[PDB]
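# So I pulled this structure from the PDB, and the sequence comes with it:
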Amino acid sequence: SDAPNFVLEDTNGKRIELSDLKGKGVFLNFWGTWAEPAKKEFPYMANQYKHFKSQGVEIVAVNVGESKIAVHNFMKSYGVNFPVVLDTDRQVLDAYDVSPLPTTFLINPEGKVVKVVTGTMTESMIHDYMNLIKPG
């Protein structure tokens, strides 16, 4: 089931289009700084990303319309090492029909959504999901 495309700037004004990431598996995570799960889970993700990045899985944590500073702070606080983008006026969110928050979409290399993950993730789970979508 096809994944709605989008273009947002990450947190250094750098333009990211979802369809550019064809070939790679995409851990598409929707989040806000208020969500207590993302405080638990971002360190897990940064940790698994050390492993999975060069296996061809990519993470795109789409923050849900918060200001640039709020995000940068949260990123620093939780040692983020992975691409975060800003959905400033919340359109991508609506495009994706999201809530709960967080919500993760697992997108395979062809670009279809293989699993919608909602609620809580163990690092253990995060790892499995990253397997579920990696190219090899």
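That came through fine. Numbering: from 1, shown residues only.
# Just list the residues touching residue 28, thanks.
3, 18, 60, 62, 96, 104-107 (CB atoms under 8 Å, 6 or more residues apart in numbering). For every residue, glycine as well, the C-beta is placed using N, CA and C.
# burial count for residue 82?
19 (other CB atoms under 10 Å).
# That one contacts residue 46, doesn't it?
Yes. Using CB atoms under 8 Å, residue 82 is in contact with residue 46, at 6.1 Å.
# all strands of this structure, in order?
For the chain, applying DSSP state E gives strands covering 7-9, 15-17, 25-31, 57-63, 84-86, 103-107, 113-118.
# Mind putting those strands into TSV with distance to residue 127?
As requested, those are exported to TSV (distance: least, CB to CB, whole Å):
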stretch	distance to residue 127
strand 7-9	26
strand 15-17	24
strand 25-31	11
strand 57-63	10
strand 84-86	20
strand 103-107	12
strand 113-118	13
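# So which of the ones you listed is nearest residue 133?
Nearest to residue 133, of all the strands of the chain, is strand 25-31, at 3.2 Å by CB to CB.
# Report the buried residues of the longest helix anywhere in the chain.
Counting residues, the longest helix found in the chain (DSSP state H) is helix 36-52. For helix 36-52, the buried set under the neighbour-count rule, 16 or more other CB atoms under 10 Å, comprises 38, 41-42, 44-46, 48-49, 52.
# and it, what other elements does it pack with?
strand 25-31, strand 57-63, helix 123-133 (3 or more CB pairs under 8 Å, 6 or more residues apart in numbering; DSSP states H and E).
# If we go by neighbour counts, what in the second one is buried?
The one in question is strand 57-63. So strand 57-63, judged by 16+ other CB under 10 Å, has buried residues 57-63.
# can you redo those as a markdown table with distance to residue 90?
Below are these laid out as a markdown table (distance: CB to CB, whole Å):
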| residue | distance to residue 90 |
| --- | --- |
| 57 | 26 |
| 58 | 23 |
| 59 | 20 |
| 60 | 16 |
| 61 | 15 |
| 62 | 10 |
| 63 | 10 |
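# between these, which is closest to residue 131?
Using CB to CB, those come closest to residue 131 at residue 57, 8.7 Å.
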